[PDB]
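Structure first, commentary second.
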């Protein structure tokens, strides 16, 4: 952006993209995962269905939270971020920081753990790998930054 | 140096003015209810969402107990 | 094809 | 009946009124005299934290609330648009405001709205009188009866207890009303100046320790229109991350560049200064035409102080400039109340510009700025509010002058030291008692601002409503103003509160915080190392004398 | 892989400690302020009147230049208090009672506490008197517009502003961060063409959601002093689906059979003619503060998200109680307003139909304004100082664009000193004090020239005002020749 827009952005810490570095901001992503396992198990189905449901819902929720909405949910200066998602605002646009690394690693380990159960079905295995790769890591790369289709 | 302020006594004082173990059981029930109520965002939901979430948690506990 | 996928995932995670 | 009723005063005797507005002292052992620090830098702050499950539960609650709010917004805006006309277009006219940038206000701030903006009446002194409200349809609209009940005051800025109606200051204000007027002519540069403005400027300049000063009719306006006079797009401003909003608006209006540093980190400040001197202006790398450092004497959300000696050192070394904002510091802190320069024994000459307000500790309105003589003359030539905005009235000036003279010791010589020692004792007593009972309390040792952390979004309305039930008035601050994971209540101690009142408050607070599960203090906030969970009576009996020793306070 | 590279250059080795230290010691900053031009400009400071132990009223006692001069029984023609209703005994009694029953300070921002019942009563009285739904109060009038206007606009919105608006409105436009266009000062044709072009372009673009659009003008202009055409403005904004913002500081209490403003002057309904109104409690009402009039949605949003409202202390109680009493006293009988009108008409007629003063000075104010303005007939200014308006505007705009620390200009100050010499002559020889339009031209962003200023209020006997007019005419004639 131009000089005035950058000054407005830099004049105040972004309250909508700063909590991710605070205390407990890492263990929460692991804790929300253990609850999905105990809930989909409470549904009472076969292990593979529970695991695939867990993985799918986590990935979809993470995407709809960090990638779909643009801007700040309140007034910043004149908005100053009217066309940036929450993921792009992490660490004032600095890529491959420890936080970004952790949020990249999480889905891969999720798939590694879940694979052992639904591995014997081709359709579930293909769907899970497709959704993981295409709705996880891909928007989080450094090449898709500020890329609108 | 009396002022125009009305003081309110601590609940301890109220009980002392108003004087076995069944009341202790009831108050520990109240205590547990207070913990459960304050550590979840019930004060910020009108009535419908709160009622729905209560049913939700109750169902979770019922199903967990039935399974185990 | 399973262990191949897992090994590729380990490589990319590193 | 849906309108706020205009209440009526009371004809009760004058002694009762004087006791209502300023509680008379009981014992001479309840005062404390604070000593300077002789330039010793402040040890790094020891912030305390709760256990992990508390943070996890807070995250869970906030995750639930966002989901429910967005779902409700979508359903309402897709289905029931008949009753949502204020959020939709009409006859080719966009609505006043969109429904996304107002999400947090409606969806989370509306359900607890009764905890904010409570109507009052009468003097905001020791006991404040509140108007009762009945909330309809959660918090949509209120209805008002005629009842009014007093509450103990812990919310308003009354540090020295000058908010009265029977002192000498009110007599001076009445005399000023008789003599001059309540009306001003125009801007200070056209017809607005009187001799009272000159007297006030001279008195403020003498009090602070500088050469000249100007007085404006609003502190916010002062900060907003200051920086516009001596900054351009080629200068740079380095400001702390916790500054006030008026400073931010004043910087934004000029066009200068802005960079911020962590709160209380000085190595980061030095590194940033060196890197920004090396780099130069963005896109061109030319030298920075100017560099200015902005800080605050006491941050009124943490209770912490600014490391003034280190700032002056860096200022001297790297040829920068210093701007200090003493709104919560002036009048209320120091051995004699001169601010942070007095506290740190720093000569008030190495600080280029000082400004503050008369609202917080002097019971008046307005603001001031103090600097060297050539700077003052240049600014008086170049400032905008001097030429375009109104002057201040006479009663406000009379109140400010009387308060300044009283604190300085020129009239009624006994009162100023009594007030300063009373507030200094009260702050230490409350901080030590709260830390011994088992809470988490910020601030250093004498700040009259005493934050108390809550950490859970549903413990704010509960705390506020129970304390209102017991007749105590408190203030709660949410996420937009304080870090998401840290919501808190903020006490504002005054010099008009007696130790009996503090005991009354301590008992009720202990009982409420035990019922709400708030005593989550660690052992990292005690002089020994072992966590404390003392009993109420033992702490009440053993704190008053122990609070005078600079040994139990970690900060 | 080898054949698909980018042909870069090896990265330069970075600097180190001693290099940085010597570079930092090599850097030199300029001073905070520029002390070069201070001494040849301090006549402004040295020539400011200072009343002594007296209310600012019709006859005062002023001293200048650190008590090195003195004058007595000076006739005042530079005060902004037009109605002088704030000096009567009932308002004094109300102020005394309020100060005795309350404090003098509010001690707190409007968000938490320190919003008494008197504030609500004043808000209700203002909303009922001026005819709108609700209103809010502000700490000072200079900070009202620069906070309300940015709250309702952002990047992507369109503002159409008049050609010569005052400084608060310029700050609001600069700080709102939207697109701004300027029409040509009551030239309805330029406004219509601009609106037409904007709406056509809008249609062609096919935006998903339409943006917010405002028209910014003033009731009676601060610098110029001329009334603005309301019926055409409301007609055009109705036709083109725009909102109307009117900053009427100098008209409320001056215009109308009962002094309710511009709408009453043009016989309309304020609720359907104007959307946002910014007023001032410090010119015609004899108090301090400002306010904003509108409907319920706007007022609620302002309380939620206007910076100067939610981050500043509430204004004291005696001010609001006095304003309420003044509003009732105006609601009773006009009298005051009626007189104000007659005096202003006489003043403008006396300075407008003059054959003598028709080669050097020109009157800019309209007959309904209570402040009379004068300028120097650009032919005479060019002959005596050798510059025109456009050259001054371009010079200072170029100075601002490149941001030179010293923005000095000689012919401009020569003209200022000439006007101040006229003022000095009039005061010293006739004991009649007029003023000069006080501006800081290095802050302005719109074309402006120095001028004079004559103000009349509702407490002047016509004969004394006529004598003062004659004395000012003699002084300007003597100095101009």
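Chain A is numbered as in Swiss-Prot, which gives 56-204 for the residues shown.
Including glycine, each Cβ sits where the backbone N, Cα and C put it.
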Per Swiss-Prot, residue A:130 shares membrane side with residue A:173
no
Please list the DSSP helix, strand and coil residue counts for the topological domain 'Cytoplasmic' (A:125-148).
6 helix, 2 strand, 16 coil
Report yes or no: does the transmembrane segment (A:178-198) come within contact of the transmembrane segment (A:79-99), defined as 3 or more CB pairs under 8 Å with a sequence separation of 6 or more?
no
Hey, which bits of the same chain come close to the topological domain 'Extracellular' (A:170-177), Cβ under 8 Å, at least six residues off its ends?
102-103, 106-107, 183
Give the nonlocal contacts of the topological domain 'Cytoplasmic' (A:125-148) in its own chain as ranges (CB under 8 Å, at least six residues past its ends).
60, 63-67, 69-72, 75-76, 154-155, 194-195, 200-201
Remote residues contacting the topological domain 'Extracellular' (A:100-103) - C-beta distance under 8 A, at least 6 residues beyond either end:
172-173, 176, 179
